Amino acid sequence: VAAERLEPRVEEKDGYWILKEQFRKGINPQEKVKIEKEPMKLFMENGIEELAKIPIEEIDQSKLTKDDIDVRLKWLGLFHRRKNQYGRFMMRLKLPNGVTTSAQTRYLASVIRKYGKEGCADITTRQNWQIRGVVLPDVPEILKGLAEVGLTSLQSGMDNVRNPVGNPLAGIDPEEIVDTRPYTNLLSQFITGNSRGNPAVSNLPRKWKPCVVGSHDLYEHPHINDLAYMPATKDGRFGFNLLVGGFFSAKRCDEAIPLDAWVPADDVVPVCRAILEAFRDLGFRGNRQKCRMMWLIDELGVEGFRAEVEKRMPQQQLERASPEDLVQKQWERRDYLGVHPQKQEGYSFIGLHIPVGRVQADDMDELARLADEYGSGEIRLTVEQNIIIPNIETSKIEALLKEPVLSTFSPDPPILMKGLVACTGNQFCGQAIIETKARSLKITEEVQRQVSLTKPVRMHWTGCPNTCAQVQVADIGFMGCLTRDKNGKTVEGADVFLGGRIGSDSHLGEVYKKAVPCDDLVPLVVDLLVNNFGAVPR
């Protein structure tokens, strides 16, 4: 490994970090777009204000502005639905640990309410909000409204640090290991430069996903994140062992491996910076299928890569890993849906199921209102695209169970619905091969009408190989494809995955059966359930 491989490939030129002209050969077109103009200048040099003034039809007539809206705007959290909702933008937040407020929730609703049939919102597999319908001339004013309610959307798409995921039961669970809200909160601020923008970590070769583990249940999915913080004592000090490189991609899925490093709790942020700088400095920037952090780790080796993190640390010490973490391997992951006692006596939380994560403006207002009336104005999102409303005086529960909105967003849905996860699909996503959200609900419904079960089978539905709905963690996973019916007609279909496990004994699922027409999945899934999961025919 020639020591010239270890040379930083980016420079801080003019407050922004850019590829050095010697390392700019044979790069992918997303590296070029970033070279041509720095994406952070759209927020940090307020250049959205004037881009927002150009008709969409004009913007498309020159490469430079077409890349503004189709590419660079993703650093502002805005994603052009070019194919399926032309001239409309999806918008994704920073919502560390998935904690929102009623007033944030109400503001998001008032933005999507405006767009009518073209608007709705969604809870994501990184316990985040997305809103849809957004038009460009509205961006400057939405940005201002987001800030006003204490939210940022910065650096949530493209080559950025994505939503910091944490324990959905942080601060409320008797059985928590460590409260992850400070650490995800700190990480988000670091990333976004306390909502101003942070160009030091805004030009990675590829997306990068952190989590901070606080549950024995491992609700955080540490195994599939580029950096996972595993609570662990070392030499009497509380800290985190570090796992690195977990990712999913059309080409390759790989679980996170130990860096062989521990940090004390106060080093969470500087080790995040060190790894990211290493990644940004040294990361490969050709073929996009070969750009995530694991590919660098495989080229340098784990000790190669580790030495590079160590030299970007303060004091340049990176302690070796504590041989055990605080996570109990004896643990049955817990159903958070329903009413549960909090550690603060007299109080309860409620997990409410949100069918495939999909909400309309009216829905968001109802949940905002339950949080205000029954809780403390707080709503928490989950990675299965559900909600928790914490801090409810247990004496209010009886009245809450009677609220009409709880027939739609239930604390006790049938067990297959409890764990159903589906990505956007082709209603809005231009990469999608199939419609996922409506389809998955319809299939799950007909399957559950047929069988009854005790084990909580988790079914994930994803619209294309990008696997945003993470079919490799599911008990039964469905990946969109096109296939053929008995007459050779093109029909939507799914590859069915099995074998995915979560919690400490985590495992990646693989395709069990390819190209099953979607209209044939009910009998197949019914049988799989009966034969493999203890389901009983009704």
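In case it trips you up, residue 1 is the first one in the sequence shown, and so on.
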Task: Segment of higher mean CA temperature factor, 56 to 64 or 499 to 507 - done: 56 to 64
TODO: Give the stretch, out of 474 to 482 and 25 to 33, with the larger mean C-alpha temperature factor in the deposited entry.
DONE: 25 to 33
Task: Top residue by Cα temperature factor, when 92, 252, 358, 288 are compared in the entry - done: 288
- [ ] Sort 130, 195, 163, 376 by C-alpha B-factor from the entry and give me just the highest.
- [x] 195
Task: residue 235 by Cα B-factor - lowest, middle or highest third of the modelled chain - done: highest
Task: For residue 82, the third of its chain into which the C-alpha B factor falls - done: middle
Task: B-factor third for the C-alpha atom of residue 284 within its chain - done: highest
Open item on the list: By the recorded C-alpha temperature factor, relative to the other modelled residues in its chain, which third is residue 319 in?
Closed with: highest
- [ ] Name the third of the chain's ranked CA B-factors that contains residue 412, choosing lowest, middle or highest.
- [x] middle
